[PDB]
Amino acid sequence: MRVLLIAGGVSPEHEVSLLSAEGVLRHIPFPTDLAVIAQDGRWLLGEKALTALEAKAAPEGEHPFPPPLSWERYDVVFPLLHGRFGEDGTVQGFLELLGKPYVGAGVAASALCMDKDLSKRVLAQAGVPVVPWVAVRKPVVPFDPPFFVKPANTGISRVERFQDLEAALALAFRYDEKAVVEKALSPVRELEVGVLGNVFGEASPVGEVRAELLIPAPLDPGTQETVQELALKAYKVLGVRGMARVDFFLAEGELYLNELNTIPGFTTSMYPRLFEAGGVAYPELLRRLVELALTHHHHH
């Protein structure tokens, strides 16, 4: 049993990815080798991957894709990547062709959960409350300001004026060919809940961000059970595997599902702390993640 942990990436969250790698490595209860995708896309292996991990950044790598690895020595791959190339199904699809088990959601769920237009389309069709939004490709917005203008696939510029719209599109178009424009909520409470499992997952306690984490979140009992049920329902509809951190918005008790993150930060990070308060310690959480990937691959 040996795990291949991939960290870094080409997305702007490259440095956050290496922060989660140091967390996973120190606790994961399996022999684990580290792979680092540098910011130029070239891979770093062996001692050079651990050195760049201590540097919290890999500006340039050595090995072009595909890297010189014997995939037959790794039983499970852990794509600990965030954003483009890592969370949107590309890395997932390559590991599928490779016949390799891997932690996290599949190709379809990764691409969908990383798309803020299409995921909202599926969630809304399933009856899940989401923020009113429109999709703008590289502009008709039916609701009045303020908006939140975001690129469709990322892991953002507040707009209070209609004349301030075509400028927020260019900042969002810097990261994508498509953007979303959704109605701003203020004031808003942000709720987050971790899910663990393949399709039919179990929920952690609900937490709240305010950078301060409230675990558990100060919620009336029916509201947090609604959060847990909305998370498990969206999780199952989207066919998410392994894990996901589902984020919500809360006005009064008007809950809106914000987004699903298939590769949550994995340092103190919210997702491990949520299942820590739910009786799943960080090593046991990583152990079940590796076993959920083997259970899906070799038994489904």
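All residue numbers refer to positions in the sequence shown, first residue = 1. We call the rigid core the largest set of C-alpha positions that still match within 1.5 Å between the two forms.
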Self-check item: Which of 230 to 238 and 244 to 252 strays further in 9 other deposited structures of this protein - Cα RMS after rigid core alignment
Solution: 244 to 252
Quiz prompt | Which of 161 to 169 and 93 to 101 lies farther from this form in 9 other deposited structures of this protein, as RMS of C-alpha positions after a rigid core fit | solution = 161 to 169
Quiz prompt | Residues of the deposited sequence that sit between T268 and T267 yet are not modelled | solution = 1 to 3
Self-check item: Gap size, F162 back to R161 (deposited sequence, no coordinates)
Solution: none
Exercise. Going by the average Cα B-factor in the PDB entry, point out whether 272 to 280 or 286 to 294 comes out higher.
Key: 272 to 280
Quiz item: Comparing 107 to 115 with 81 to 89, which stretch shows the greater average C-alpha B-factor in the deposited entry?
Solution: 81 to 89
Quiz prompt | Identity of residue with top Cα B-factor, from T154, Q228, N198, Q125 | solution = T154
Self-check item: Selection by C-alpha B-factor (highest) of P218, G194, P187, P101
Solution: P187
Quiz item: By the record's CA B-factor, is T51 among the lowest, middle or highest third of residues in the chain?
Solution: highest
Quiz prompt | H300, C-alpha B-factor rank within chain (lowest, middle or highest third) | solution = highest
Practice problem: Could you tell me which third, lowest, middle or highest, the C-alpha B-factor of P142 occupies within its chain? | Solution: highest
Quiz prompt | Position of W71 among the chain's modelled residues by C-alpha B-factor, lowest, middle or highest third | solution = middle
Exercise. Taking the chain's C-alpha temperature factors as the reference, tell me which third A58 falls into: lowest, middle or highest.
Key: highest
